[PDB]
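Take a look at this one chain, the form deposited in one PDB entry, written out in structure tokens.
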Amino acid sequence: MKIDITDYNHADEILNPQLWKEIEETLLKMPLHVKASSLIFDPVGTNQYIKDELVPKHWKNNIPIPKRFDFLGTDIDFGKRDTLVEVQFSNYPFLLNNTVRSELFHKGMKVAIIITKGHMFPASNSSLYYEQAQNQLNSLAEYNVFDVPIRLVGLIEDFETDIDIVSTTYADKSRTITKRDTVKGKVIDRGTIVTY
């Protein structure tokens, strides 16, 4: 996928280039994961993909307790050396969520990378999106509310362009994949995901 980046409190000069590269390379070669709602962004598939890539690179992971069993895996955290990676795709309250995480951060870790998906992707209801997270952080930054270094990453794709897509069907009850296919497609014109 493609990515848009917003750095706060000079996360760019603080971040270990190699640690950032591991995250960046993983995201760039990663296809768009989608599932039925028709086709919507699949955060669990996405986090599973990220996890399988970073675990072998020695990133320690932790999966936050979901407000709903079938939501488990919608958000995931990774840590390595002094870097914290927080994938936030759920509808958990953004500012409150991070204010709470910020507290622990200040009580070691020196920079945090937050991964979100662009608004262009149709998704679960009220689920966080990049532009919204950026707006909120731009606002706090404006009044010097926080000093923690943050690299905010937005997962996006260009419109009307052939891309690799992974379509999955889950039997959410224990979660199971009953069907999956790796096809080609693109996003039309929020956007609409089209498969070939």
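Position 1 is the first residue in the sequence shown; the rest follow in order. In this text, rigid core is short for the largest set of C-alphas that superpose within 1.5 Å between two forms. Residues that one form lacks are left out of the comparison.
Another form, the form deposited in another entry, is not on view; read the next lines as being about it.
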*Which residue, chosen from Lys67, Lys29, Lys60, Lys57, moves its CA by 2 Å or more between this form and the one not shown under a rigid core superposition?*
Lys67
*asked:* Following rigid core alignment, is the displacement of the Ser90 C-alpha between this form and the one not shown equal to or greater than 2 angstroms?
replied: no
_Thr99 C-alpha relocation of at least 2 Å between this form and the one not shown, rigid core basis_ = yes
*asked:* Would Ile113 count as moving between this form and the one not shown, using a Cα shift of 2 angstroms or more after superposing the core as the test?
replied: no
_Relative to what's shown here, the Cα pair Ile150 and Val100 differs by 3 Å or more in the other form. Does it come closer or drift farther?_
closer
*Knowing the Cα distance between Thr46 and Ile76 changes 3 Å or more in the other form, does it shrink or grow relative to here?*
farther
_After core alignment, residue runs (3 or more) whose Cα moves 2 Å or more between this form and the one not shown_ = 63-76, 94-96, 98-100, 102-104
